[PDB]
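Asker: sequence below, structure please.
(one chain, ligands or ions: 1)
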Amino acid sequence: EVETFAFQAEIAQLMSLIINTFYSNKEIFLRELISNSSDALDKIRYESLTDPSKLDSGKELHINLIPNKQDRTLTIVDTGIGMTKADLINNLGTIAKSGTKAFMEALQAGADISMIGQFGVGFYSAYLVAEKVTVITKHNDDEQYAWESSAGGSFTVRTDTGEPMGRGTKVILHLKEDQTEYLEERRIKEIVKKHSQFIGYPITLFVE
Ligand SMILES: CC(C)NCCCn1c(Sc2cc3c(cc2I)OCO3)nc2c(N)ncnc21
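Answerer: Numbers count the residues shown, from 1 in each chain. Take a look:
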């Protein structure tokens, strides 16, 4: 049972720029996603200090990197705060509007795509390497949802009847045909060591 939504014009614009601009340093997408996971984990930890029951959905706070050549996907999994339906459909977009505006102006002023994180919109860097991104997420007091978008100005959201995750987010990157290097263990290990060696949570890189 799928609902389809239009990205706010600004977000659609950011995505086009990301997909269209010639920029070779694509590997920064992983750092942006791992960072978002780190932030989510930080929040659920902080919240658990005043309400321990919030960890009933899972006490483990970590990150998993799962590559799959068969499906040509790279999934970044975390046990963080998760996102609600309201987050996925309106709230995160509202916030992303200002970040986008600032980021695009900063670019014209000499900045580059690798700085997208300082504007709160790093998630969209996933499109530097993915033709389609599917996001499975579960927040403590909402249901598990599946958000998805191949850009083009729209995204869908549905209640996920798959396999329960308890609490957290899974960013599934359906890679572009010429970006399969991100499925190789050596390459992923290289990027993590280069841009995310100090994340304060365990990061497990699965092998195939
Ligand atoms: C609330 C605070 C933690 N900031 C969260 C920003 C949204 N977000 C993001 S960035 C993001 C993710 C999206 C999205 C928009 C953004 I911005 O629509 C598709 O899924 N990653 C998160 C994650 N791994 N866990 C929880 N929240 C995530």
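Asker: got the buried residues for stretch 54-65?
Answerer: 54-55, 57-58, 61-65 (16 or more other CB atoms under 10 Å). The C-beta positions use only the backbone N, C-alpha and C, and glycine is treated the same way.
Asker: typed the wrong thing, it's stretch 40-48
Answerer: 40-41, 44-45.
Asker: can you get me a residue count around residue 172?
Answerer: Using other CB atoms under 10 Å, residue 172 has 21 neighbouring residues.
Asker: you'd agree residue 136 is in a strand?
Answerer: Yes. Per DSSP: H, G, I helix; E, B strand; the rest coil, residue 136 lies within a strand segment.
Asker: ok, now which ones touch it?
Answerer: Taking CB atoms under 8 Å, 6 or more residues apart in numbering, we find residue 136 in contact with 144-146, 160, 162, 165, 169-170, 172.
Asker: and these, which is closest to residue 179?
Answerer: residue 172 (14.3 Å; CB to CB).
Asker: thinking again about what came up before, okay, the buried residues of stretch 54-65 in CSV with distance to residue 98 and secondary structure next?
Answerer: Output for these, formatted as CSV (distance: CB to CB, whole Å; DSSP: H, G, I helix; E, B strand; the rest coil):
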residue, distance to residue 98, secondary structure
54, 29, helix
55, 32, helix
57, 31, coil
58, 32, coil
61, 29, coil
62, 31, coil
63, 27, strand
64, 31, strand
65, 30, strand
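Asker: what residues does this protein put near the ligand?
Answerer: Residues of the chain found near the ligand (CB under 6 Å from any ligand atom) are 36-37, 39-40, 43, 78, 80-81, 83, 88, 92, 96, 121, 123, 135, 147, 169.
Asker: among those residues, which are in strands?
Answerer: For these, the ones inside strands are 78, 135, 147, 169, with DSSP state E as the criterion.
Asker: and those, which two are furthest apart?
Answerer: Spatial extent of those (CB to CB) is set by the pair 78 and 147 at 15.1 Å.
Asker: who has more neighbours out of those two?
Answerer: Legend: neighbour count by other CB under 10 Å for residue 78 and residue 147, higher for residue 78 (27 against 23).
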